[PDB]
Amino acid sequence: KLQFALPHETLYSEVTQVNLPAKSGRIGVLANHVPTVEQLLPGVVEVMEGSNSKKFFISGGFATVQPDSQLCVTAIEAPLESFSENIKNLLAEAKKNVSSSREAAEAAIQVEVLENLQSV
Amino acid sequence: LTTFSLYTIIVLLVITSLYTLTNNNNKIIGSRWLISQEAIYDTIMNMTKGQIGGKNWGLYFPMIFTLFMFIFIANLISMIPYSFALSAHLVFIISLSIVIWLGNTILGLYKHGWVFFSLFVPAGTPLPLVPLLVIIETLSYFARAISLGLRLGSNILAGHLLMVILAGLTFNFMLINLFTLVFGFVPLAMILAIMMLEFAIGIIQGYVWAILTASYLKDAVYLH
Amino acid sequence: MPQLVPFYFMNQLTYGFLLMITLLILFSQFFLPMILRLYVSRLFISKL
Amino acid sequence: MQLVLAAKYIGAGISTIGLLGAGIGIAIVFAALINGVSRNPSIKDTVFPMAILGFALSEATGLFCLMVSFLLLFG
Amino acid sequence: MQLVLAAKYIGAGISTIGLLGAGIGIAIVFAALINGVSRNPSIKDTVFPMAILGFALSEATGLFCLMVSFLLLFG
Amino acid sequence: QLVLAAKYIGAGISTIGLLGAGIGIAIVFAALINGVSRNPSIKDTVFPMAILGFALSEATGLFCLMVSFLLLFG
Amino acid sequence: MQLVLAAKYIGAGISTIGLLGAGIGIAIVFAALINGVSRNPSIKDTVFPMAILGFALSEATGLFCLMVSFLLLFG
Amino acid sequence: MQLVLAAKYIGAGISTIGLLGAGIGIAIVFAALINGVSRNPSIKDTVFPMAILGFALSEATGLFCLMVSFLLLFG
Amino acid sequence: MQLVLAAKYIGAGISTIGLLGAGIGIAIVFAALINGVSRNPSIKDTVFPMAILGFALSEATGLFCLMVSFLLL
Amino acid sequence: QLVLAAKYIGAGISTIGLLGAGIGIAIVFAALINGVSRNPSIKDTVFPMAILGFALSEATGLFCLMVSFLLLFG
Amino acid sequence: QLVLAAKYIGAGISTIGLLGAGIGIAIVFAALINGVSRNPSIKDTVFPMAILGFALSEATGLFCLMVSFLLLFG
Amino acid sequence: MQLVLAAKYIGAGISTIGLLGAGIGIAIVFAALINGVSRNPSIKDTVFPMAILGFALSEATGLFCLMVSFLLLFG
Amino acid sequence: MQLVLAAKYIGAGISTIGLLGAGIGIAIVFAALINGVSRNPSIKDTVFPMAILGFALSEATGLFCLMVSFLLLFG
Amino acid sequence: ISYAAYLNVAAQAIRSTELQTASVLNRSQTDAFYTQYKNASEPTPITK
Amino acid sequence: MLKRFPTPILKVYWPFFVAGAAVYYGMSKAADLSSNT
């Protein structure tokens with residue numbers, strides 16, 4: 001079972017195969033899995049129910065396989081196609097931001113986010 | 001004539017046929033056979049743009065393509081079970097390797113002066129062992145000279161020699177008493193497994209040639 | 001091994017370097033640009 | 001000649017030692033395959049060709065030992 | 001003569017050393033299987049075919065070694 | 001004489017082969033323990049896997065052993 | 001006479017080499033025991049009989065080496 | 001003379017042992033490739049050139065070894 | 001005479017090789033002990049008996065090699 | 001005769017030294033591949049360090065090889 | 001003089017045994033550094049534990065060394 | 001004379017074995033350098049001089065071995 | 001004697017093999033140092049002295065092997 | 001930069017494509033003043 | 001089927017061809033030396 005809930009939505013809140021991108025690379029959960037807690041990095045996420053696959057762009061969060069086979073995914077915001085050009089313009093602004101100043105870290109996250117979006 | 005000359009002609013004739021009757025007079029849609037030579041084009045395009053990428057990357061793209069295709073065909077022709085191995089005349093493959101290696105060394109010296117040997121200072125280190133790190137970098141630099149040739153050479157030589165010696169053993173295994181002839185097919189199957197592996201490792205070695213003498217050419221074309 | 005040693009090395013090498021120069025010209029001028037025709041044509045149909 | 005022939009048969013055995021490394025080698029590649037597939041549940045389409053490449057290359061090093069072994073043993 | 005007969009028995013022994021490598025290899029593949037299946041308890045149906053493939057290939061290097069041992073033993 | 005000497009030497013050499021098998025058995029058992037501690041609950045699935053792995057690891061050792069004996073006795 | 005007796009002593013010495021692998025093996029099982037028990041605090045009752053089993057099997061390979069050593073020494 | 005020829009073929013056998021190292025090495029590079037890819041699917045295109053580069057360089061030591069074997073055998 | 005006494009000495013030298021395995025073995029046990037204890041902070045009282053047991057068994061293998069050396073001497 | 005034999009035997013034994021260098025080289029490249037997959041972006045810093053590491057590991061293997069040639073030819 | 005030759009040969013072989021202990025010593029100390037870096041705080045318990053292992057690993061090598069001296073003297 | 005000269009050459013060859021450990025040694029240090037630097041992105045200024053120290057020290061044992069090899073060979 | 005002087009040179013060569021273990025050992029300590037420092041960022045003030053201690057005894061095991069080599073070699 | 005701050009900036013970036021609803025844009029707007037206090041005494045209020 | 005487009009970068013491959021000539025000459029001497037004992 002998968003429970004995917006966000007502070008403004010409830011998505012998948014069983015689910016056949018789920019692929020999640022975590023600070024440990026990528027983790028896939030199918031049935032029982034070891035009941036770890038792993039922090040989700042800014043991500044492209046796929047959730048598959050049967051063979052049907054739905055693709056989510058996930059802002060990072062935390063993932064926890066519960067020892068009862070409940071995949072708790074919580075993250076700040078997301079479908080993938082909806083996120084998708086103007087942001088590519090925005091990264092140019094963000095590059096400028098790296099130059100001036102906390103803003104560096106912010107802009108670094110922005111570089112990660114454009115890169116991740118360009119990746120898909 | 002010379003056996004070597006006759007098989008070089010056979011290689012030339014194999015290579016011609018792949019671009020003169022494989023295709024349907026250059027049909028845009030693409031023929032099943034012509035799809036093969038498209039994929040070869042793309043994987044060396046995308047490989048040699050990746051290796052010797054830079055302003056010039058396509059200027060040595062024909063050379064890396066005919067170094068692919070020569071070895072790619074010569075590791076199929078040399079594996080026919082009654083054929084004269086051009087490649088297992090190691091001296092031609094090794095001579096070709098030394099030629100490309102010297103033609104990199106000369107190209108590098110010409111393009112990047114006598115400060116070409118600054119390539120063999122790879123990293124900042126205290127100055128009294130900067131020259132040391134040139135000696136035991138250059139030693140390895142012309143170990144690449146013989147590695148590139150001997151890699152391919154060993155692969156081809158080992159395949160034919162392995163198969164023929166085991167073939168000779170299994171011939172005499174089936175030439176003795178028939179109860180050993182029964183349950184004597186399993187060593188033949190071992191030669192079959194080796195032959196399956198030898199075709200695979202020959203195409204893999206041909207790709208490895210062309211990436212490595214792209215890597216040496218990367219060094220020669222772009223100093224560091 | 002005598003099957004890997006002829007003394008005909010320079011003979012071999014003559015026919016060998018001839019095949020290399022032949023294939024180099026042959027690919028470069030003939031067979032490589034006829035693949036590039038397929039590509040450029042495909043892209044021209046794509047534009048129109 | 002008896003000395004040289006005995007030297008061959010001993011030397012053949014010596015060459016056989018080289019195979020041991022390849023045996024461990026095959027395993028190292030397959031261990032990675034199993035581990036990786038366990039990580040993703042899904043990487044396997046990408047990784048399985050990589051495993052085949054890996055098997056062939058490791059095995060090839062093994063064959064070099066085998067051909068030297070047979071050069072002494074038979075040859 | 002005595003030298004040749006000795007050489008067969010010596011060379012056989014030397015060959016046997018090689019087999020040790022394959023043994024370690026086999027274990028490594030199984031180790032990956034156990035750990036892998038532990039990490040995702042439903043990976044087993046995919047992974048178990050892969051595991052048997054890895055076993056067989058690792059074992060094969062051992063087989064070639066043991067063949068050379070028997071060739072020296074009886075030749 | 002020399003031929004009989006060669007039997008005793010040959011046997012000795014073969015005994016070296018056993019070292020690998022010893023390491024092998026252990027590697028499988030290490031994985032069993034690691035696996036059990038890792039899942040808490042894989043144990044019923046993993047136990048038949050472990051037995052299989054033990055047997056195969058051991059088998060390579062057995063081949064080394066029989067060659068050792070074979071050179072000694074005959 | 002002298003040669004055969006000499007050979008027996010040498011062969012016994014060679015046989016000890018086999019033991020080295022069993023030593024490393026035992027350690028590997030025990031390391032796993034320590035690591036597992038430290039990971040769970042609670043697996044220990046299940047894991048301890050497994051550990052004893054693994055010890056015995058690993059040890060047993062070394063035992064095989066020992067009996068062969070005695071056989072060569074004594075003849 | 002026979003001693004020289006004997007020694008040549010013995011020496012050949014001895015050199016072959018070196019190859020085992022390269023076989024394990026080749027496997028180690030491929031193990032890294034499989035693990036890296038599984039840990040990040042998007043890395044794959046960057047990593048694949050580096051993997052082949054590493055394979056060759058690893059292999060090269062084995063080819064040096066093999067060349068000594070061939071120097072003795074053919075020469 | 002000479003050959004047999006020589007052979008005994010040679011055989012003894014060879015016997016040391018078995019000990020190397022034990023040396024590594026002991027280290028692996030102790031490394032594990034340190035790792036476990038550093039991971040848990042508190043496993044140590046359960047683990048320390050286990051560690052001593054593992055040490056002894058590893059050492060015992062080396063002892064077997066050593067006594068065979070002594071027998072040849 | 002015996003001297004000629006000795007240099008050939010010694011050449012064989014010396015070749016074994018290469019074994020370690022092959023493992024060494026692979027460990028450097030392995031760490032490179034692992035590192036780049038871990039960071040996504042370390043590679044610019046790490047790649048010079050990796051080439052340095054390759055050279056030093058390889059150099060040890062070349063020491064083995066030159067000793068082999070000093071025996072064999074010399 | 002064959003016996004005297006044999007003493008010297010045996011001695012050389014005896015050094016091989018020491019190699020394992022040398023690696024072993026480092027492995028224990030590696031664990032120490034790892035543990036200490038993980039906790040910052042385990043260190044006061046662990047440093048004694050480490051020293052116990054350090055000595056023990058060394059002792060195996062001492063046995064090998066002792067056999068070398070026993071051979072050398074006879 | 002012949003035996004003594006022979007013994008120099010044989011002794012040199014045997015000595016060359018030891019060098020291998022130092023080769024592996026350099027790699028173990030460099031592996032840690034790469035791994036550490038990949039973990040932090042920023043440890044590197046401390047870690048790089050530590051690594052060069054580690055290289056030199058690991059190498060030193062190898063160099064002692066190389067000295068003995070030369071002493072046997074030339075001396 | 002010829003045999004005795006030969007045995008000194010040969011025996012020395014064998015003695016040199018021991019150095020390999022120390023080389024790998026030293027590298028492991030420095031690897032652990034780099035790993036630890038990269039893990040903590042800041043442990044180093046305590047840990048660097050510890051690393052020198054671990055280095056020292058690992059090195060010492062090598063020096064023992066070396067000293068046996070010197071004894072045989074020099075006489 | 002706290003862990004949740006790290007995620008926060010990423011989330012803000014994700015609202016950048018332009019097809020997005022007003023409520024999304026409203027969730028990115030904020031208005032607050034962290035007014036520090038001590039002892040009674042009040043160090044000055046300043047926007048988040 | 002076929003078409004011809006000259007690729008003029010054969011004069012960029014001048015050190016490669018020069019190396020071929022040198023090795024060609026050297027192999028003449030090598031072949032003569034190998035046809036001798």
# chains A, B, ... in the order shown; residues from 1 in each chain; ligands from 1
$ interface_residues --of "chain K" --to "chain I" --cutoff "7 Å" --atoms "only C-alpha atoms" --output "PyMOL selection string"
chain K and resi 2-3+6-7+9-11+13-14+16-21+23-25+27-28+31-32+35+39+42+46+53+57+60-61+64+71
$ interface_residues --of "chain J" --to "chain A" --cutoff "12 Å" --atoms "only C-alpha atoms" --output "list in words"
residues 34, 37, 38, 39, 40 and 41 of chain J
$ write_last_selection --atoms "C-alpha atoms" --output "PDB file, in the first residue's frame"
ATOM      1  CA  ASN J  34      31.533   5.117  -7.516  1.00  0.00           C
ATOM      2  CA  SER J  37      27.700   8.262  -9.296  1.00  0.00           C
ATOM      3  CA  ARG J  38      27.600   9.490  -5.699  1.00  0.00           C
ATOM      4  CA  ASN J  39      28.198  13.182  -6.379  1.00  0.00           C
ATOM      5  CA  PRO J  40      26.969  13.826  -9.892  1.00  0.00           C
ATOM      6  CA  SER J  41      29.402  16.724 -10.011  1.00  0.00           C
TER       7      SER J  41
END
$ residues_around --residues "residue 66 (chain B)" --least-positions-apart "4" --cutoff "10 Å" --atoms "only C-alpha atoms" --output "JSON, numbers by chain"
{"B": [61, 62, 70, 71, 72, 210], "C": [20, 21, 22, 23, 24, 25, 26, 27, 28, 32]}
$ write_last_selection --atoms "N, CA and C atoms" --output "PDB file, in the first residue's frame"
ATOM      1  N   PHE B  61      36.907  11.923 -37.647  1.00  0.00           N
ATOM      2  CA  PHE B  61      35.809  10.980 -37.622  1.00  0.00           C
ATOM      3  C   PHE B  61      35.909   9.988 -38.744  1.00  0.00           C
ATOM      4  N   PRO B  62      36.341  10.262 -39.965  1.00  0.00           N
ATOM      5  CA  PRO B  62      36.548   9.200 -40.923  1.00  0.00           C
ATOM      6  C   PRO B  62      37.608   8.217 -40.523  1.00  0.00           C
ATOM      7  N   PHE B  70      37.413  -1.666 -40.181  1.00  0.00           N
ATOM      8  CA  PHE B  70      38.447  -2.607 -40.529  1.00  0.00           C
ATOM      9  C   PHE B  70      38.543  -3.717 -39.520  1.00  0.00           C
ATOM     10  N   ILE B  71      38.521  -3.369 -38.227  1.00  0.00           N
ATOM     11  CA  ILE B  71      38.711  -4.336 -37.186  1.00  0.00           C
ATOM     12  C   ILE B  71      37.446  -5.114 -36.975  1.00  0.00           C
ATOM     13  N   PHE B  72      36.285  -4.493 -37.247  1.00  0.00           N
ATOM     14  CA  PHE B  72      34.992  -5.079 -37.035  1.00  0.00           C
ATOM     15  C   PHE B  72      34.747  -6.170 -38.025  1.00  0.00           C
ATOM     16  N   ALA B 210      38.780   1.380 -30.691  1.00  0.00           N
ATOM     17  CA  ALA B 210      38.432   2.643 -31.256  1.00  0.00           C
ATOM     18  C   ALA B 210      38.107   3.670 -30.229  1.00  0.00           C
TER      19      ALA B 210
ATOM     20  N   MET C  20      44.600  -0.087 -45.956  1.00  0.00           N
ATOM     21  CA  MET C  20      44.231   0.984 -45.063  1.00  0.00           C
ATOM     22  C   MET C  20      43.991   2.273 -45.774  1.00  0.00           C
ATOM     23  N   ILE C  21      44.880   2.644 -46.717  1.00  0.00           N
ATOM     24  CA  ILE C  21      44.727   3.867 -47.468  1.00  0.00           C
ATOM     25  C   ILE C  21      43.503   3.766 -48.344  1.00  0.00           C
ATOM     26  N   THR C  22      43.237   2.558 -48.900  1.00  0.00           N
ATOM     27  CA  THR C  22      42.098   2.307 -49.750  1.00  0.00           C
ATOM     28  C   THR C  22      40.818   2.498 -49.004  1.00  0.00           C
ATOM     29  N   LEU C  23      40.672   1.853 -47.830  1.00  0.00           N
ATOM     30  CA  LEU C  23      39.484   1.981 -47.027  1.00  0.00           C
ATOM     31  C   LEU C  23      39.284   3.377 -46.501  1.00  0.00           C
ATOM     32  N   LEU C  24      40.376   4.123 -46.206  1.00  0.00           N
ATOM     33  CA  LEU C  24      40.289   5.448 -45.636  1.00  0.00           C
ATOM     34  C   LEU C  24      39.641   6.376 -46.608  1.00  0.00           C
ATOM     35  N   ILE C  25      40.145   6.384 -47.856  1.00  0.00           N
ATOM     36  CA  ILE C  25      39.585   7.139 -48.946  1.00  0.00           C
ATOM     37  C   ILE C  25      38.183   6.660 -49.242  1.00  0.00           C
ATOM     38  N   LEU C  26      37.963   5.322 -49.238  1.00  0.00           N
ATOM     39  CA  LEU C  26      36.727   4.718 -49.671  1.00  0.00           C
ATOM     40  C   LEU C  26      35.589   5.088 -48.772  1.00  0.00           C
ATOM     41  N   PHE C  27      35.730   4.896 -47.444  1.00  0.00           N
ATOM     42  CA  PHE C  27      34.782   5.389 -46.477  1.00  0.00           C
ATOM     43  C   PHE C  27      34.581   6.865 -46.583  1.00  0.00           C
ATOM     44  N   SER C  28      35.682   7.636 -46.491  1.00  0.00           N
ATOM     45  CA  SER C  28      35.611   9.056 -46.279  1.00  0.00           C
ATOM     46  C   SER C  28      34.931   9.756 -47.425  1.00  0.00           C
ATOM     47  N   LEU C  32      30.710   7.026 -46.108  1.00  0.00           N
ATOM     48  CA  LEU C  32      30.275   7.937 -45.081  1.00  0.00           C
ATOM     49  C   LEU C  32      29.377   9.045 -45.553  1.00  0.00           C
TER      50      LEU C  32
END
$ calpha_fit_and_write --fixed "chain H" --moving "chain L" --output "CSV table (one decimal) with C-alpha atoms, in the first residue's frame"
chain,number,residue,atom,x,y,z
L,1,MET,CA,69.9,-27.8,-24.0
L,2,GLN,CA,67.4,-29.9,-22.3
L,3,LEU,CA,67.7,-27.7,-19.2
L,4,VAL,CA,67.4,-24.5,-21.3
L,5,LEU,CA,64.3,-25.8,-23.1
L,6,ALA,CA,62.8,-27.0,-19.9
L,7,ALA,CA,63.5,-23.6,-18.3
L,8,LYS,CA,61.5,-21.9,-21.1
L,9,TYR,CA,58.4,-24.0,-20.3
L,10,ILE,CA,58.7,-23.7,-16.6
L,11,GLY,CA,59.3,-19.9,-16.9
L,12,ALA,CA,56.2,-19.6,-19.1
L,13,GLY,CA,54.0,-21.5,-16.5
L,14,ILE,CA,55.2,-19.3,-13.6
L,15,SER,CA,54.5,-16.2,-15.8
L,16,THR,CA,50.9,-17.3,-16.4
L,17,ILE,CA,50.2,-16.6,-12.6
L,18,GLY,CA,50.2,-12.8,-13.1
L,19,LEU,CA,47.2,-12.8,-15.5
L,20,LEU,CA,44.9,-13.6,-12.7
L,21,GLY,CA,45.1,-10.1,-11.2
L,22,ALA,CA,43.9,-8.5,-14.4
L,23,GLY,CA,40.8,-10.8,-14.4
L,24,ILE,CA,39.8,-9.7,-10.9
L,25,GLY,CA,40.6,-6.2,-12.1
L,26,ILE,CA,38.0,-6.2,-14.9
L,27,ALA,CA,35.4,-7.4,-12.5
L,28,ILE,CA,36.1,-4.6,-9.9
L,29,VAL,CA,35.6,-2.0,-12.6
L,30,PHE,CA,32.4,-3.6,-13.9
L,31,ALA,CA,31.0,-4.0,-10.4
L,32,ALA,CA,31.4,-0.3,-9.9
L,33,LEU,CA,29.7,0.3,-13.3
L,34,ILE,CA,26.7,-1.8,-12.3
L,35,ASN,CA,26.5,-0.3,-8.8
L,36,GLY,CA,26.8,3.3,-9.9
L,37,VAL,CA,24.3,2.9,-12.7
L,38,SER,CA,21.9,1.2,-10.2
L,39,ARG,CA,22.3,4.2,-7.8
L,40,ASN,CA,21.5,7.0,-10.2
L,41,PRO,CA,19.5,5.6,-13.1
L,42,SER,CA,21.1,8.4,-15.1
L,43,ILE,CA,24.8,8.8,-14.3
L,44,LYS,CA,25.4,6.2,-17.0
L,45,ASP,CA,26.2,8.5,-20.0
L,46,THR,CA,29.2,9.9,-18.1
L,47,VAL,CA,30.0,6.7,-16.2
L,48,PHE,CA,30.0,4.2,-19.2
L,49,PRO,CA,33.0,5.8,-21.1
L,50,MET,CA,34.8,6.1,-17.8
L,51,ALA,CA,34.3,2.4,-17.2
L,52,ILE,CA,35.6,1.4,-20.7
L,53,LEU,CA,38.7,3.5,-20.0
L,54,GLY,CA,39.0,1.7,-16.6
L,55,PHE,CA,38.7,-1.7,-18.3
L,56,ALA,CA,41.4,-1.0,-20.8
L,57,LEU,CA,43.9,0.3,-18.2
L,58,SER,CA,43.3,-2.5,-15.7
L,59,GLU,CA,43.7,-5.0,-18.6
L,60,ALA,CA,46.9,-3.4,-19.7
L,61,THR,CA,49.0,-4.7,-16.8
L,62,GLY,CA,47.6,-8.2,-17.6
L,63,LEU,CA,48.6,-7.8,-21.2
L,64,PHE,CA,52.2,-6.9,-20.2
L,65,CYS,CA,52.2,-10.1,-18.2
L,66,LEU,CA,50.9,-12.1,-21.2
L,67,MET,CA,53.6,-10.6,-23.4
L,68,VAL,CA,56.3,-11.9,-21.1
L,69,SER,CA,54.6,-15.3,-21.0
L,70,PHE,CA,54.8,-15.5,-24.8
L,71,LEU,CA,58.4,-14.2,-24.8
L,72,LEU,CA,59.4,-17.0,-22.4
L,73,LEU,CA,57.4,-19.7,-24.2
L,74,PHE,CA,58.1,-19.0,-27.9
L,75,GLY,CA,61.3,-17.1,-27.3
$ closest_residue --among "A:36, A:110, A:97, A:64" --to "chain N" --atoms "only C-alpha atoms"
A:110
$ interface_residues --of "chain O" --to "chain C" --cutoff "6 Å" --atoms "only C-alpha atoms" --output "PDB file with C-alpha atoms, in the first residue's frame"
ATOM      1  CA  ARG O   4      31.047  10.838 -54.280  1.00  0.00           C
ATOM      2  CA  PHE O   5      31.764  13.799 -52.064  1.00  0.00           C
ATOM      3  CA  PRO O   6      35.512  14.420 -51.583  1.00  0.00           C
ATOM      4  CA  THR O   7      36.563  14.812 -47.949  1.00  0.00           C
ATOM      5  CA  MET O  27      59.841  -3.266 -41.744  1.00  0.00           C
ATOM      6  CA  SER O  28      61.792  -3.747 -44.987  1.00  0.00           C
ATOM      7  CA  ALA O  31      61.938  -8.564 -42.978  1.00  0.00           C
ATOM      8  CA  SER O  34      64.171 -12.116 -40.134  1.00  0.00           C
ATOM      9  CA  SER O  35      64.944 -13.851 -43.440  1.00  0.00           C
TER      10      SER O  35
END
$ residues_around --residues "residue 40 (chain A)" --least-positions-apart "6" --cutoff "8 Å" --atoms "only C-alpha atoms" --output "list in words"
residues 20, 21, 22, 23, 60, 61, 62 and 63 of chain A
$ closest_atom_pairs --of "chain O" --to "chain B" --cutoff "10 Å" --atoms "only C-alpha atoms" --output "CSV"
residue,atom,partner,partner_atom,distance
O:1,CA,B:25,CA,4.1
O:2,CA,B:20,CA,6.8
O:7,CA,B:62,CA,9.0
O:8,CA,B:59,CA,9.7
O:9,CA,B:59,CA,6.6
O:10,CA,B:59,CA,9.2
O:12,CA,B:59,CA,7.8
O:13,CA,B:60,CA,8.2
O:14,CA,B:103,CA,8.6
O:15,CA,B:103,CA,5.1
O:16,CA,B:103,CA,4.6
O:17,CA,B:103,CA,7.9
O:18,CA,B:103,CA,7.6
O:19,CA,B:99,CA,5.4
O:20,CA,B:99,CA,5.7
O:21,CA,B:99,CA,9.0
O:22,CA,B:99,CA,8.6
O:23,CA,B:99,CA,6.9
O:24,CA,B:95,CA,8.9
O:27,CA,B:95,CA,8.9
$ residues_around --residues "region 48-52 of chain B" --least-positions-apart "3" --cutoff "9 Å" --atoms "only C-alpha atoms" --output "list in words"
residues 43, 44, 45, 56, 57, 58, 60, 61, 64, 210, 211, 212, 214, 215, 217, 218, 219, 221 and 222 of chain B; 49 of chain H
$ write_last_selection --atoms "C-alpha atoms" --output "PDB file, in the first residue's frame"
ATOM      1  CA  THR B  43      27.493   4.805 -32.165  1.00  0.00           C
ATOM      2  CA  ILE B  44      30.812   6.032 -33.556  1.00  0.00           C
ATOM      3  CA  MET B  45      29.389   9.480 -34.119  1.00  0.00           C
ATOM      4  CA  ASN B  56      37.392  19.521 -34.213  1.00  0.00           C
ATOM      5  CA  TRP B  57      35.899  16.160 -33.435  1.00  0.00           C
ATOM      6  CA  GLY B  58      34.696  15.270 -36.910  1.00  0.00           C
ATOM      7  CA  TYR B  60      39.254  12.586 -37.313  1.00  0.00           C
ATOM      8  CA  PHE B  61      35.809  10.980 -37.622  1.00  0.00           C
ATOM      9  CA  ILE B  64      38.087   6.422 -36.404  1.00  0.00           C
ATOM     10  CA  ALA B 210      38.432   2.643 -31.256  1.00  0.00           C
ATOM     11  CA  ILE B 211      37.692   4.262 -27.932  1.00  0.00           C
ATOM     12  CA  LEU B 212      41.263   3.878 -26.713  1.00  0.00           C
ATOM     13  CA  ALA B 214      40.376   8.008 -29.491  1.00  0.00           C
ATOM     14  CA  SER B 215      41.529   8.595 -25.916  1.00  0.00           C
ATOM     15  CA  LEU B 217      44.051  11.068 -29.856  1.00  0.00           C
ATOM     16  CA  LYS B 218      42.147  13.179 -27.303  1.00  0.00           C
ATOM     17  CA  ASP B 219      45.444  13.680 -25.525  1.00  0.00           C
ATOM     18  CA  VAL B 221      44.685  16.830 -30.169  1.00  0.00           C
ATOM     19  CA  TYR B 222      43.969  18.627 -26.912  1.00  0.00           C
TER      20      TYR B 222
ATOM     21  CA  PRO H  49      33.044   6.189 -21.202  1.00  0.00           C
TER      22      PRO H  49
END
$ atom_distance --atom1 "CA of residue 27 (chain A)" --atom2 "CA of residue 50 (chain A)"
18.3 Å
$ interface_residues --of "chain B" --to "chain J" --cutoff "8 Å" --atoms "only C-alpha atoms" --output "PyMOL selection string"
chain B and resi 122-123+136-137+140
$ write_last_selection --atoms "N, CA, C and O atoms" --output "compact mmCIF listing (two decimals), in the first residue's frame"
# COMPACT_ATOMS: atom_id res chain seq x y z
N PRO B 122 51.06 15.72 -14.70
CA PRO B 122 49.61 15.71 -14.80
C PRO B 122 49.07 16.55 -13.69
O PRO B 122 47.93 17.00 -13.81
N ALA B 123 49.82 16.73 -12.59
CA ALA B 123 49.30 17.36 -11.41
C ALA B 123 50.45 18.05 -10.77
O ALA B 123 51.60 17.64 -10.92
N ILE B 136 57.99 8.35 -15.24
CA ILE B 136 57.15 7.19 -15.04
C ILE B 136 55.74 7.51 -15.44
O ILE B 136 54.82 6.78 -15.08
N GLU B 137 55.51 8.61 -16.18
CA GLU B 137 54.31 8.78 -16.96
C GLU B 137 54.57 8.45 -18.39
O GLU B 137 53.72 7.85 -19.05
N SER B 140 54.78 4.69 -19.12
CA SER B 140 53.44 4.21 -19.30
C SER B 140 52.80 4.74 -20.55
O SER B 140 51.76 4.22 -20.96
$ atom_distance --atom1 "CA of residue 3 (chain O)" --atom2 "CA of residue 28 (chain B)"
15.1 Å
